[PDB]
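S.K.: So I pulled this structure from the PDB, and the sequence comes with it:
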Amino acid sequence: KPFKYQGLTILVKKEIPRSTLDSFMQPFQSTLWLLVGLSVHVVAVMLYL
Amino acid sequence: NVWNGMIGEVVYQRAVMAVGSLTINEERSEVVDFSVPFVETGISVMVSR
Ligand SMILES: Cc1nc2nc(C3CC3)nn2c(O)c1NS(=O)(=O)c1ccc(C2CCCCC2)cc1
Ligand SMILES: CCCCCCC
């Protein structure tokens, strides 16, 4: 009689996540970052204009 | 010293086999011959969540 009940299963490598340094800039594409940076300053100069 | 139920029917030659929710036990295996366990059924505790 069985002394241990079990079954077949799959073992795989658990991917350890890697944290890139640009992770927080990742949500916005670099062109969006450049555009928002330019927008901040054009609005800033036009306020005082 | 008298077996009732399905085990009683099997041991007293009133039946050839006992198909059902029959748990393999030490005493029952001493009295009757069991097939291989086709589903794992231990004893477990159910509680209200
Ligand atoms: C391809 C790659 N592989 C990496 N492996 C690592 C790890 C764990 C050690 N980081 N990392 C990366 O960051 C990249 N990408 S990068 O070279 O284009 C890049 C570099 C630096 C910055 C800034 C982020 C703000 C602080 C100042 C530096 C941004 C982007
Ligand atoms: C959330 C604001 C980010 C400004 C980035 C300017 C390059």
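M.R.: Now that the structure is in, tell me what you want to look at. Numbering: from 1, shown residues only, chains lettered A, B, ... in the order given. Ligands and ions are numbered 1, 2, ... in the order given.

S.K.: can you map out the helices along the chain?
M.R.: As the question left the chain open, I've gone with chain A. A:30-48 (DSSP state H).

S.K.: Not quite, go with chain B.
M.R.: Going by DSSP H, chain B shows helices at B:5-11, B:26-31.

S.K.: Quick one: residues in contact with the last one.
M.R.: Where contact means Cβ atoms under 8 Å, 6 or more residues apart in numbering or on different chains, the residues beyond helix B:26-31 that reach it are A:1, B:3, B:7, B:11, B:22, B:34. The C-beta positions use only the backbone N, C-alpha and C, and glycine is treated the same way.

S.K.: and the helices of chain B, which is most packed in?
M.R.: Neighbour counts (mean count of other Cβ atoms under 10 Å in any protein chain shown) averaged over each of the helices of chain B peak at helix B:5-11, with a mean of 16.

S.K.: how about the residue in chain A that chain B sits nearest to, what does it touch?
M.R.: At 4.7 Å from chain B, residue A:5 is the closest residue in chain A, using Cβ to the nearest Cβ. If you count contacts by Cβ under 8 Å, 6+ apart, residue A:5 has them with residue B:40.
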